[PDB]
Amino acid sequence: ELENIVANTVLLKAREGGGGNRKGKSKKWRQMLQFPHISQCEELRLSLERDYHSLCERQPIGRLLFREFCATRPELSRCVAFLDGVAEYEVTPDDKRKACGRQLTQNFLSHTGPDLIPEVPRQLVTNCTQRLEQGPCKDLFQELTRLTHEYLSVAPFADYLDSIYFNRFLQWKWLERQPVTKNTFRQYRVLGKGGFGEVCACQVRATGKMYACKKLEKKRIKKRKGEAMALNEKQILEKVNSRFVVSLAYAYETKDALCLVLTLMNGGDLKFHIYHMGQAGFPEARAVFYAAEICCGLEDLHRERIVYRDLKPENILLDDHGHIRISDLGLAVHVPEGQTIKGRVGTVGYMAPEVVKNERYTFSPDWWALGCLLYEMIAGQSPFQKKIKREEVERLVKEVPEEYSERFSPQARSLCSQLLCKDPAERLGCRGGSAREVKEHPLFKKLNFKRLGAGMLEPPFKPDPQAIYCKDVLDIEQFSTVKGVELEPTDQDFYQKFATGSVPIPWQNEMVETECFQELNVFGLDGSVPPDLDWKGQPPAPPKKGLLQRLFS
């Protein structure tokens, strides 16, 4: 008994605040994150490409340092501010947009004050001013935005690369490139049973940020020969950078397992929220909201020529504020432009007709599963799965249309139905509109999609922070740890391929949030209080006025 309540309260403290001043941070982090010697970077300097878009735009710390560098030179300092303005304007609602836009116009484009960029054609200045007033469109400034970046990305770029700031960046880079091992994290109670090992929470000792650790047991992998299936999930997760898919931050090995460190979703899975949450299912508004999100998620994966192939309740999780992210991408795969793929894989009941039939496809199955899941949310039960045997369900799918209980509204039916159309080439989404058409379904009346993608819409249910949304430890299974299997040289080569260590972007963001960046990066503030006496114990000319007062009365 003891054990459960323990790890439970433990986790809550960590999720709460941790250890007081040190927000989860180990009492010796400053050391864990001590920068390397400048010379230790020279190697890494040569490796990194001199690519503007890479160093100044994609890599948060990179960008930050670049901004920080710009802050010094007024001509740049103002370029940056300008970009930050447009970026805002381009998300500012219509009723306020014109008011906001005009301020930037008068601030940065004033023909009176110092000029913005070295060579700006007077045409495009006035040309923009006009187009503004009559109908303030999104891409109003794109002309200048493009020109601005063109400016920076040349000489002010080279300048930064050849600045101290860039050295500082190299240091930061070195840190992320450092080996990661068991030691980098703390462990906690498990959270669920994965396909290849337990998933438990974990904290980065040095930064104190929370993560999930998907463990995949080295042995259980060779037995099932699911070596690709692992590497696959990783390589994908690595590439992805969507708001609706869990980001991966680390990939490392232990004696027994390979690990994926993932965005810790505190609200648990939907399989929990539907079944073990009093009466089954969700009110319309709610189920809608999720589908709507999961929609964008799918959009994003598809926009990246990737098909999920495993949308279901086990694999939709919730964050602290109450948004969702698709997870477990073991089955996912990349669809080359202008091509199709055959593959009979998934979870029974959620696999689309053409899948079961072993037919070629692209993105169909996902939109199918969204139906299945949207159904399973409102209805409170799988539309096809009381325990039912294997083959029958497959048949039940191939031919038998869906049956509605009295919970579905007029429109709630129309969507689910269109998504559960057994004819792939006529199924909603797959018709030739991608997500665009699914979004345009009238069910999503009072939801502004542009905003939802920014996460600027409040979810109709905020989880209780003090709650743990999953089973207790001894209430979770464990398959027989079959012996009679020994790891051989050939496997190590793969383990090399797998454990990349820290993932650049997410690593960096962690650094920023946990404030380590700002706390550690800044140089020239500590110890800079100009000494009372010189090296030979003498006062300067003239002697510190406060010092005398400390030696007399």
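One-based numbering along the sequence shown.
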Extent of unmodelled deposited sequence, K386 relative to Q385:
1 to 3
Select between 528-536 and 9-17 the stretch whose C-alpha atoms have the higher average B-factor in the entry.
9-17
When the C-alpha temperature factors are averaged for each of 207-215 and 277-285, which stretch ends up with the higher value in the entry?
277-285
Between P156, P365, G349, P114, where does the Cα B-factor run highest in the record?
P114
Scanning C100, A230, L147, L331 for peak Cα temperature factor in the entry gives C100
Check where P121 lands among this chain's C-alpha B-factors and tell me if it's the lowest, middle or highest third.
highest
Can you tell me which third, lowest, middle or highest, the CA B-factor of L487 falls into for its chain?
highest
Position of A412 among the chain's modelled residues by C-alpha B-factor, lowest, middle or highest third
highest
Chain third (lowest, middle, highest) by recorded CA B-factor, residue given as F498
middle
Which third of the chain does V400 land in by C-alpha B-factor: lowest, middle or highest?
highest
